[PDB]
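The structure file final.pdb is reproduced below (PDB, C-alpha atoms).
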ATOM      1  CA  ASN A   2       5.043   5.738 -12.020  1.00  0.00           C
ATOM      2  CA  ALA A   3       5.730   2.025 -12.733  1.00  0.00           C
ATOM      3  CA  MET A   4       2.515   0.990 -14.509  1.00  0.00           C
ATOM      4  CA  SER A   5       3.272  -2.473 -15.861  1.00  0.00           C
ATOM      5  CA  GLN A   6       3.956  -5.972 -14.517  1.00  0.00           C
ATOM      6  CA  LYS A   7       7.683  -5.098 -14.621  1.00  0.00           C
ATOM      7  CA  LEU A   8       6.902  -3.615 -11.177  1.00  0.00           C
ATOM      8  CA  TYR A   9       6.137  -7.069  -9.743  1.00  0.00           C
ATOM      9  CA  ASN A  10       9.744  -8.174 -10.194  1.00  0.00           C
ATOM     10  CA  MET A  11      11.397  -5.060  -8.744  1.00  0.00           C
ATOM     11  CA  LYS A  12      12.861  -5.648  -5.280  1.00  0.00           C
ATOM     12  CA  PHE A  13      10.465  -4.986  -2.393  1.00  0.00           C
ATOM     13  CA  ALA A  14      12.968  -3.091  -0.285  1.00  0.00           C
ATOM     14  CA  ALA A  15      13.896  -0.387  -2.825  1.00  0.00           C
ATOM     15  CA  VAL A  16      10.297   0.083  -3.969  1.00  0.00           C
ATOM     16  CA  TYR A  17       8.995   0.343  -0.380  1.00  0.00           C
ATOM     17  CA  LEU A  18      11.798   2.703   0.673  1.00  0.00           C
ATOM     18  CA  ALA A  19      10.886   4.977  -2.258  1.00  0.00           C
ATOM     19  CA  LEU A  20       7.283   5.156  -0.886  1.00  0.00           C
ATOM     20  CA  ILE A  21       8.728   6.223   2.472  1.00  0.00           C
ATOM     21  CA  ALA A  22      10.976   8.801   0.803  1.00  0.00           C
ATOM     22  CA  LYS A  23       7.912  10.373  -0.910  1.00  0.00           C
ATOM     23  CA  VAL A  24       6.170  10.700   2.442  1.00  0.00           C
ATOM     24  CA  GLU A  25       9.244  12.016   4.289  1.00  0.00           C
ATOM     25  CA  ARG A  26       9.885  14.601   1.543  1.00  0.00           C
ATOM     26  CA  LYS A  27       6.426  15.966   2.362  1.00  0.00           C
ATOM     27  CA  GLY A  28       7.015  16.092   6.110  1.00  0.00           C
ATOM     28  CA  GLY A  29       5.358  12.777   7.006  1.00  0.00           C
ATOM     29  CA  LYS A  30       6.802   9.858   9.007  1.00  0.00           C
ATOM     30  CA  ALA A  31       8.080   6.411   7.955  1.00  0.00           C
ATOM     31  CA  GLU A  32       6.022   4.833  10.750  1.00  0.00           C
ATOM     32  CA  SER A  33       2.783   6.048   9.088  1.00  0.00           C
ATOM     33  CA  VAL A  34       3.651   4.098   5.929  1.00  0.00           C
ATOM     34  CA  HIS A  35       4.326   0.915   7.905  1.00  0.00           C
ATOM     35  CA  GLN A  36       0.970   1.389   9.710  1.00  0.00           C
ATOM     36  CA  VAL A  37      -1.169   1.752   6.530  1.00  0.00           C
ATOM     37  CA  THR A  38       0.746  -1.080   4.786  1.00  0.00           C
ATOM     38  CA  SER A  39       0.135  -3.367   7.800  1.00  0.00           C
ATOM     39  CA  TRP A  40      -3.568  -2.389   7.869  1.00  0.00           C
ATOM     40  CA  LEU A  41      -4.043  -3.127   4.161  1.00  0.00           C
ATOM     41  CA  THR A  42      -2.172  -6.404   3.908  1.00  0.00           C
ATOM     42  CA  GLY A  43      -2.463  -8.015   7.368  1.00  0.00           C
ATOM     43  CA  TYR A  44       1.362  -8.125   7.727  1.00  0.00           C
ATOM     44  CA  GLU A  45       2.599  -7.076  11.198  1.00  0.00           C
ATOM     45  CA  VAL A  46       4.746  -3.931  11.040  1.00  0.00           C
ATOM     46  CA  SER A  47       7.657  -6.137  12.160  1.00  0.00           C
ATOM     47  CA  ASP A  48       6.934  -8.420   9.159  1.00  0.00           C
ATOM     48  CA  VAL A  49       7.100  -5.450   6.782  1.00  0.00           C
ATOM     49  CA  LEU A  50      10.422  -4.322   8.310  1.00  0.00           C
ATOM     50  CA  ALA A  51      11.858  -7.866   8.174  1.00  0.00           C
ATOM     51  CA  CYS A  52      11.222  -7.855   4.387  1.00  0.00           C
ATOM     52  CA  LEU A  53      13.666  -4.957   4.013  1.00  0.00           C
ATOM     53  CA  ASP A  54      16.453  -7.489   4.738  1.00  0.00           C
ATOM     54  CA  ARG A  55      15.142 -10.008   2.186  1.00  0.00           C
ATOM     55  CA  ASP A  56      15.453 -10.084  -1.598  1.00  0.00           C
ATOM     56  CA  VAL A  57      11.704 -10.645  -2.034  1.00  0.00           C
ATOM     57  CA  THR A  58      10.103  -8.842  -4.998  1.00  0.00           C
ATOM     58  CA  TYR A  59       7.449  -6.187  -4.624  1.00  0.00           C
ATOM     59  CA  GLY A  60       5.004  -8.508  -6.391  1.00  0.00           C
ATOM     60  CA  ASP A  61       5.814 -11.418  -4.095  1.00  0.00           C
ATOM     61  CA  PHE A  62       5.276  -9.190  -1.001  1.00  0.00           C
ATOM     62  CA  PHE A  63       1.701  -8.518  -2.187  1.00  0.00           C
ATOM     63  CA  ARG A  64       1.093 -12.095  -3.411  1.00  0.00           C
ATOM     64  CA  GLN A  65       1.887 -13.381   0.085  1.00  0.00           C
ATOM     65  CA  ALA A  66      -0.032 -10.817   2.164  1.00  0.00           C
ATOM     66  CA  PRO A  67      -1.583 -12.749   5.037  1.00  0.00           C
ATOM     67  CA  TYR A  68      -5.003 -11.095   5.228  1.00  0.00           C
ATOM     68  CA  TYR A  69      -6.259  -8.294   3.002  1.00  0.00           C
ATOM     69  CA  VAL A  70      -8.597  -6.036   4.988  1.00  0.00           C
ATOM     70  CA  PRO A  71     -12.248  -6.051   3.819  1.00  0.00           C
ATOM     71  CA  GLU A  72     -12.470  -2.225   3.918  1.00  0.00           C
ATOM     72  CA  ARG A  73      -9.844  -1.936   1.165  1.00  0.00           C
ATOM     73  CA  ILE A  74     -12.661  -2.213  -1.406  1.00  0.00           C
ATOM     74  CA  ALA A  75     -13.618   1.351  -0.320  1.00  0.00           C
ATOM     75  CA  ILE A  76     -10.185   2.650  -1.468  1.00  0.00           C
ATOM     76  CA  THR A  77     -11.549   4.043  -4.750  1.00  0.00           C
ATOM     77  CA  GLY A  78     -10.507   6.923  -7.059  1.00  0.00           C
ATOM     78  CA  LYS A  79      -7.483   7.799  -9.165  1.00  0.00           C
ATOM     79  CA  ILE A  80      -3.803   7.171  -8.547  1.00  0.00           C
ATOM     80  CA  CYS A  81      -0.778   6.849 -10.859  1.00  0.00           C
ATOM     81  CA  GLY A  82      -3.114   7.900 -13.735  1.00  0.00           C
ATOM     82  CA  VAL A  83      -5.780   5.159 -13.443  1.00  0.00           C
ATOM     83  CA  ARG A  84      -9.031   4.330 -11.651  1.00  0.00           C
ATOM     84  CA  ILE A  85      -8.227   1.866  -8.838  1.00  0.00           C
ATOM     85  CA  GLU A  86     -11.608   0.139  -8.772  1.00  0.00           C
ATOM     86  CA  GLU A  87     -11.346  -0.468 -12.575  1.00  0.00           C
ATOM     87  CA  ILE A  88      -7.935  -2.176 -12.480  1.00  0.00           C
ATOM     88  CA  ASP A  89      -8.345  -5.670 -13.951  1.00  0.00           C
ATOM     89  CA  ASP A  90      -5.108  -7.193 -12.682  1.00  0.00           C
ATOM     90  CA  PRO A  91      -5.849  -8.068  -9.024  1.00  0.00           C
ATOM     91  CA  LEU A  92      -2.227  -7.799  -7.936  1.00  0.00           C
ATOM     92  CA  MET A  93      -1.790  -4.344  -9.482  1.00  0.00           C
ATOM     93  CA  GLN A  94      -5.110  -3.351  -7.866  1.00  0.00           C
ATOM     94  CA  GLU A  95      -3.796  -4.066  -4.295  1.00  0.00           C
ATOM     95  CA  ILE A  96      -0.525  -2.289  -5.145  1.00  0.00           C
ATOM     96  CA  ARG A  97      -2.437   0.790  -6.325  1.00  0.00           C
ATOM     97  CA  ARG A  98      -4.610   0.732  -3.186  1.00  0.00           C
ATOM     98  CA  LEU A  99      -1.382   1.051  -1.153  1.00  0.00           C
ATOM     99  CA  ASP A 100      -0.273   3.917  -3.426  1.00  0.00           C
ATOM    100  CA  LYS A 101      -3.566   5.696  -2.634  1.00  0.00           C
ATOM    101  CA  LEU A 102      -3.060   5.264   1.142  1.00  0.00           C
ATOM    102  CA  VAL A 103       0.491   6.605   0.833  1.00  0.00           C
ATOM    103  CA  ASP A 104      -0.790   9.511  -1.271  1.00  0.00           C
ATOM    104  CA  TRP A 105      -2.995  10.515   1.690  1.00  0.00           C
ATOM    105  CA  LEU A 106       0.126  10.448   3.917  1.00  0.00           C
ATOM    106  CA  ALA A 107       2.128  12.604   1.419  1.00  0.00           C
ATOM    107  CA  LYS A 108      -0.824  14.930   1.519  1.00  0.00           C
ATOM    108  CA  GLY A 109      -0.552  15.349   5.307  1.00  0.00           C
ATOM    109  CA  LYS A 110      -2.952  12.802   6.812  1.00  0.00           C
ATOM    110  CA  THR A 111      -1.853  10.772   9.792  1.00  0.00           C
ATOM    111  CA  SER A 112      -2.179   7.002   9.565  1.00  0.00           C
ATOM    112  CA  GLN A 113      -5.027   7.238  12.116  1.00  0.00           C
ATOM    113  CA  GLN A 114      -6.871   9.659   9.766  1.00  0.00           C
ATOM    114  CA  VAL A 115      -6.283   7.371   6.786  1.00  0.00           C
ATOM    115  CA  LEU A 116      -7.654   4.304   8.601  1.00  0.00           C
ATOM    116  CA  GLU A 117     -10.567   6.397   9.898  1.00  0.00           C
ATOM    117  CA  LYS A 118     -11.361   7.302   6.274  1.00  0.00           C
ATOM    118  CA  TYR A 119     -11.765   3.694   5.184  1.00  0.00           C
ATOM    119  CA  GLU A 120     -12.918   1.854   8.273  1.00  0.00           C
ATOM    120  CA  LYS A 121     -16.661   1.603   7.939  1.00  0.00           C
ATOM    121  CA  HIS A 122     -19.077   1.043  10.848  1.00  0.00           C
ATOM    122  CA  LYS A 123     -22.724  -0.078  10.780  1.00  0.00           C
TER
END
Reformat the file's structure so that it appears as structure tokens.
Amino acid sequence: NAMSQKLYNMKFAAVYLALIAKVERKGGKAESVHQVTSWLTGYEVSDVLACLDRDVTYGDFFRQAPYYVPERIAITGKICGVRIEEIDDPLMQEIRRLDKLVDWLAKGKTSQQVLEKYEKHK
């Protein structure tokens, strides 16, 4: 429930491990989190894991994402109290899109089901 830009300067590793803990507490798997994070940001799963041993901030992880996936614009709706598509701050908006993907995992979707939700075909 970190809502402000104070989030950007919190350490990546602790913040990301808390996402995983949420999913594991609800019977999901750490690997599913890595998979949806990789999909969203363009980071390889191994890249995400390497960041656990760095002192990079959560904000700087998102600022340096190699390739945001086009289908992420379809990640709409509410999370952490606010409408994702109406978030003005572009960095917070990507962060909240990850929170939405992780919410699906905490709610029992596999990463395959989450990707299938947002990948759009002609």
### Summary
Students should find that CA of residue 45 (chain A) and CA of residue 31 (chain A) are spaced 14.9 Å
### Pick from A:30, A:64, A:108, A:123 nearest to residue 91 (chain A), counting all atoms listed in the file
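Going through A:30, A:64, A:108, A:123 one by one, the smallest distance to residue 91 (chain A) is for A:64.
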Would you give the centre and edge lengths, in Å to one decimal, of a box along x, y and z around the listed atoms of region 93-96 of chain A, with 3 Å added to each side, as lines of an AutoDock Vina configuration file?
center_x = -2.8
center_y = -3.3
center_z = -6.9
size_x = 10.6
size_y = 8.1
size_z = 11.2
With region 2-23 of chain A as the partner and 12 Å as the cut-off, tabulate the residues of region 28-111 of chain A that qualify, each row holding the nearest pair of atoms and their distance in Å to one decimal, using all atoms listed in the file, sorted by chain and rising number, as JSON lines.
{"residue": "A:28", "atom": "CA", "partner": "A:23", "partner_atom": "CA", "distance": 9.1}
{"residue": "A:29", "atom": "CA", "partner": "A:21", "partner_atom": "CA", "distance": 8.7}
{"residue": "A:30", "atom": "CA", "partner": "A:21", "partner_atom": "CA", "distance": 7.7}
{"residue": "A:31", "atom": "CA", "partner": "A:21", "partner_atom": "CA", "distance": 5.5}
{"residue": "A:32", "atom": "CA", "partner": "A:21", "partner_atom": "CA", "distance": 8.8}
{"residue": "A:33", "atom": "CA", "partner": "A:21", "partner_atom": "CA", "distance": 8.9}
{"residue": "A:34", "atom": "CA", "partner": "A:21", "partner_atom": "CA", "distance": 6.5}
{"residue": "A:35", "atom": "CA", "partner": "A:21", "partner_atom": "CA", "distance": 8.8}
{"residue": "A:36", "atom": "CA", "partner": "A:21", "partner_atom": "CA", "distance": 11.7}
{"residue": "A:37", "atom": "CA", "partner": "A:21", "partner_atom": "CA", "distance": 11.6}
{"residue": "A:38", "atom": "CA", "partner": "A:17", "partner_atom": "CA", "distance": 9.8}
{"residue": "A:49", "atom": "CA", "partner": "A:17", "partner_atom": "CA", "distance": 9.4}
{"residue": "A:50", "atom": "CA", "partner": "A:14", "partner_atom": "CA", "distance": 9.0}
{"residue": "A:51", "atom": "CA", "partner": "A:14", "partner_atom": "CA", "distance": 9.8}
{"residue": "A:52", "atom": "CA", "partner": "A:14", "partner_atom": "CA", "distance": 6.9}
{"residue": "A:53", "atom": "CA", "partner": "A:14", "partner_atom": "CA", "distance": 4.7}
{"residue": "A:54", "atom": "CA", "partner": "A:14", "partner_atom": "CA", "distance": 7.5}
{"residue": "A:55", "atom": "CA", "partner": "A:14", "partner_atom": "CA", "distance": 7.7}
{"residue": "A:56", "atom": "CA", "partner": "A:12", "partner_atom": "CA", "distance": 6.3}
{"residue": "A:57", "atom": "CA", "partner": "A:13", "partner_atom": "CA", "distance": 5.8}
{"residue": "A:58", "atom": "CA", "partner": "A:12", "partner_atom": "CA", "distance": 4.2}
{"residue": "A:59", "atom": "CA", "partner": "A:13", "partner_atom": "CA", "distance": 3.9}
{"residue": "A:60", "atom": "CA", "partner": "A:9", "partner_atom": "CA", "distance": 3.8}
{"residue": "A:61", "atom": "CA", "partner": "A:9", "partner_atom": "CA", "distance": 7.1}
{"residue": "A:62", "atom": "CA", "partner": "A:13", "partner_atom": "CA", "distance": 6.8}
{"residue": "A:63", "atom": "CA", "partner": "A:9", "partner_atom": "CA", "distance": 8.9}
{"residue": "A:64", "atom": "CA", "partner": "A:9", "partner_atom": "CA", "distance": 9.5}
{"residue": "A:80", "atom": "CA", "partner": "A:2", "partner_atom": "CA", "distance": 9.6}
{"residue": "A:81", "atom": "CA", "partner": "A:2", "partner_atom": "CA", "distance": 6.0}
{"residue": "A:82", "atom": "CA", "partner": "A:2", "partner_atom": "CA", "distance": 8.6}
{"residue": "A:83", "atom": "CA", "partner": "A:4", "partner_atom": "CA", "distance": 9.3}
{"residue": "A:88", "atom": "CA", "partner": "A:4", "partner_atom": "CA", "distance": 11.1}
{"residue": "A:90", "atom": "CA", "partner": "A:6", "partner_atom": "CA", "distance": 9.3}
{"residue": "A:91", "atom": "CA", "partner": "A:6", "partner_atom": "CA", "distance": 11.4}
{"residue": "A:92", "atom": "CA", "partner": "A:9", "partner_atom": "CA", "distance": 8.6}
{"residue": "A:93", "atom": "CA", "partner": "A:6", "partner_atom": "CA", "distance": 7.8}
{"residue": "A:94", "atom": "CA", "partner": "A:4", "partner_atom": "CA", "distance": 11.0}
{"residue": "A:95", "atom": "CA", "partner": "A:9", "partner_atom": "CA", "distance": 11.7}
{"residue": "A:96", "atom": "CA", "partner": "A:9", "partner_atom": "CA", "distance": 9.4}
{"residue": "A:97", "atom": "CA", "partner": "A:4", "partner_atom": "CA", "distance": 9.6}
{"residue": "A:99", "atom": "CA", "partner": "A:20", "partner_atom": "CA", "distance": 9.6}
{"residue": "A:100", "atom": "CA", "partner": "A:20", "partner_atom": "CA", "distance": 8.1}
{"residue": "A:101", "atom": "CA", "partner": "A:20", "partner_atom": "CA", "distance": 11.0}
{"residue": "A:102", "atom": "CA", "partner": "A:20", "partner_atom": "CA", "distance": 10.5}
{"residue": "A:103", "atom": "CA", "partner": "A:20", "partner_atom": "CA", "distance": 7.2}
{"residue": "A:104", "atom": "CA", "partner": "A:23", "partner_atom": "CA", "distance": 8.8}
{"residue": "A:105", "atom": "CA", "partner": "A:23", "partner_atom": "CA", "distance": 11.2}
{"residue": "A:106", "atom": "CA", "partner": "A:23", "partner_atom": "CA", "distance": 9.2}
{"residue": "A:107", "atom": "CA", "partner": "A:23", "partner_atom": "CA", "distance": 6.6}
{"residue": "A:108", "atom": "CA", "partner": "A:23", "partner_atom": "CA", "distance": 10.1}
{"residue": "A:109", "atom": "CA", "partner": "A:23", "partner_atom": "CA", "distance": 11.6}
Output of the above residues as a short mmCIF file (atom, residue, chain, number, x, y, z; two decimals), keeping the file's coordinate frame, restricted to C-alpha atoms:
data_model
loop_
_atom_site.label_atom_id
_atom_site.label_comp_id
_atom_site.auth_asym_id
_atom_site.auth_seq_id
_atom_site.Cartn_x
_atom_site.Cartn_y
_atom_site.Cartn_z
CA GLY A 28 7.02 16.09 6.11
CA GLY A 29 5.36 12.78 7.01
CA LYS A 30 6.80 9.86 9.01
CA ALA A 31 8.08 6.41 7.96
CA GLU A 32 6.02 4.83 10.75
CA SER A 33 2.78 6.05 9.09
CA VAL A 34 3.65 4.10 5.93
CA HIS A 35 4.33 0.92 7.90
CA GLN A 36 0.97 1.39 9.71
CA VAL A 37 -1.17 1.75 6.53
CA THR A 38 0.75 -1.08 4.79
CA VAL A 49 7.10 -5.45 6.78
CA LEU A 50 10.42 -4.32 8.31
CA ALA A 51 11.86 -7.87 8.17
CA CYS A 52 11.22 -7.86 4.39
CA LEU A 53 13.67 -4.96 4.01
CA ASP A 54 16.45 -7.49 4.74
CA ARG A 55 15.14 -10.01 2.19
CA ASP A 56 15.45 -10.08 -1.60
CA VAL A 57 11.70 -10.64 -2.03
CA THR A 58 10.10 -8.84 -5.00
CA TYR A 59 7.45 -6.19 -4.62
CA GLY A 60 5.00 -8.51 -6.39
CA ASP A 61 5.81 -11.42 -4.10
CA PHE A 62 5.28 -9.19 -1.00
CA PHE A 63 1.70 -8.52 -2.19
CA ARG A 64 1.09 -12.10 -3.41
CA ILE A 80 -3.80 7.17 -8.55
CA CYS A 81 -0.78 6.85 -10.86
CA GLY A 82 -3.11 7.90 -13.74
CA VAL A 83 -5.78 5.16 -13.44
CA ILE A 88 -7.94 -2.18 -12.48
CA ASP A 90 -5.11 -7.19 -12.68
CA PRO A 91 -5.85 -8.07 -9.02
CA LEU A 92 -2.23 -7.80 -7.94
CA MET A 93 -1.79 -4.34 -9.48
CA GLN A 94 -5.11 -3.35 -7.87
CA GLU A 95 -3.80 -4.07 -4.30
CA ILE A 96 -0.52 -2.29 -5.14
CA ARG A 97 -2.44 0.79 -6.32
CA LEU A 99 -1.38 1.05 -1.15
CA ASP A 100 -0.27 3.92 -3.43
CA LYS A 101 -3.57 5.70 -2.63
CA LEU A 102 -3.06 5.26 1.14
CA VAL A 103 0.49 6.60 0.83
CA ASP A 104 -0.79 9.51 -1.27
CA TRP A 105 -3.00 10.52 1.69
CA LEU A 106 0.13 10.45 3.92
CA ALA A 107 2.13 12.60 1.42
CA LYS A 108 -0.82 14.93 1.52
CA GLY A 109 -0.55 15.35 5.31
#
### Task
Name the closest residue to residue 116 (chain A) among the candidates A:48, A:78, A:70, A:27; distances are taken between atoms, counting all atoms listed in the file.
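The answer is A:70, which sits nearest to residue 116 (chain A).
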